[PDB]
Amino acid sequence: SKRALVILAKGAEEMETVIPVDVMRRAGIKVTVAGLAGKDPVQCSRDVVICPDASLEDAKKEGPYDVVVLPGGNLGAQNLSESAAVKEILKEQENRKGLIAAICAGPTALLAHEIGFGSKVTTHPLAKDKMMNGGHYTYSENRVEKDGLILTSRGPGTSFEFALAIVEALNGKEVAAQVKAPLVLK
């Protein structure tokens, strides 16, 4: 029943891609892994190669989505930032009051597209100065930060917390707890 769009670009952090996809699917969310560049395999930042479910061009026609998820990885986030297609998807998502979730350097694509200004956000530590250029957001060092419909997180090591937050936001606390327990987190 809820639907998630995960935008996958070359150079994405494969942990930050895979952990949310897996955990969201455990939550009974219908997840589309959409390739920014098309339907071909995507080479991620540590050379794992992921085959997307669809091109972004195709997946964009199958909305709307309850959440649009942006993984991190500096070079994947740069590709997200440079994409007019991403700009349109994120502007439409904000316009319809839909959740936007971004992790590690992924939030700097929000800055690039002028999304969610005035929100409290976090990033990877090393992405803080990029994110804060212009003072358009307030910074947080929380591992996961949720300010209304903008949900941000810090790094590979926060990816389970990030995914569980998405699941809580969409499907509620009880489902997030049920999904958590078999994972052997703590």
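Don't overthink the numbering: it's just position in the shown sequence, from 1.
Stretches 155 to 163 and 62 to 70 differ in mean C-alpha B factor, with the higher average recorded for 62 to 70.
Look at the mean CA B-factor for 19 to 27 and for 164 to 172 in the entry; the higher one is 164 to 172. Note on 127, 48, 56, 144: the highest value goes to 56, judged by CA B factor as recorded. Per-chain ranking of the deposited C-alpha B factor places residue 108 in the lowest third. Split the chain's modelled residues into thirds by C-alpha temperature factor. Residue 8 is in the lowest one. The deposited CA B-factor of residue 118 belongs to the middle third of values across its chain. In this PDB entry, the Cα temperature factor of residue 183 sits in the middle third of its chain's modelled residues. Ranked by C-alpha B-factor against the other modelled residues of its chain, residue 89 falls in the highest third.
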